[PDB]
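Presented below, as structure tokens, is a lone chain in the form deposited in one PDB entry.
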């Protein structure tokens, strides 16, 4: 919230022009979105889960965080020099994590120092802090971490490592069990002031506002659904 705790090391070496989106509502780049959002598979095409859920150990290589079925890296401590603008973690409710030292004491140096870190280490609520985080790296790429995602079972070519609510494929793949970030379902992700910056291809998603319980406590948030 304090603007001084924002990692703000932004570097437009490629001249993609992503910095304007930090300031202005109409300057998110949804070019290339219709074709890439076609890569994403609807949940219908994945195999049917079965058996007990185990947490997945892998870090599969896609680097395409724009799909709902993207299995994220687990959250760690990342240095402020890799971050541009606010880091949002999802509890499900959106929350901003500020720049800090390795212990968690707040620092106020714009992330311009080497001690400045963003400690995103996630343990899923209700006991933990959040489910996942999203942020823009210093050269204009969306980065996301969280989970670990779930082994839901299945057999074959197609098999879902679920990072969201996947009730369709397995009855117990709830968001509390497998939620790994902003995607609440294959259809909805949490709306927050920089969703269009981080997820420009959700531009046409319609805003439903949502009420949602994670371990007793109710969460009161707007979701953008297709």
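Take the two forms, find the largest set of C-alpha atoms that superpose within 1.5 Å, and that set is the rigid core. Numbering follows the first chain given and starts at 1.
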item	value
Mean Cα B-factor comparison, 177-185 or 31-39, giving the higher one as deposited	31-39
Stretch with the higher entry mean CA B-factor, where the candidates are 130-138 and 115-123	115-123
Selection from 193, 58, 163, 200 [criterion: highest C-alpha temperature factor in the record]	58
CA B-factor placement of residue 64, once the chain's modelled residues are sorted into thirds	highest
Residue 91, C-alpha B-factor rank within chain (lowest, middle or highest third)	lowest
Record-listed C-alpha B factor of residue 204: chain third	lowest
Assigned third (lowest, middle, highest) for the C-alpha B factor of residue 144	lowest
Residue 213 - Cα temperature factor, lowest/middle/highest third of chain	highest
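There is another form of the same protein, the form deposited in another entry; it is not shown, and what comes next is about it.
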{"property": "Residue from 41, 168, 177, 27 whose Cα, after superposing the rigid core, lies 2 Å or more away between this form and the one not shown", "result": "27"}
{"property": "Per-residue C-alpha change between this form and the one not shown, residue 106, threshold 2 Å, rigid core fit", "result": "no"}
{"property": "Rigid core superposed: residue 154 CA moves 2 Å or more between this form and the one not shown", "result": "yes"}
{"property": "Sense of CA distance change between residue 145 and residue 156 in the other entry, threshold 3 Å", "result": "closer"}
{"property": "Pair residue 155/residue 55, Cα separation in the other entry versus the displayed form, closer or farther by 3 angstroms or more", "result": "closer"}
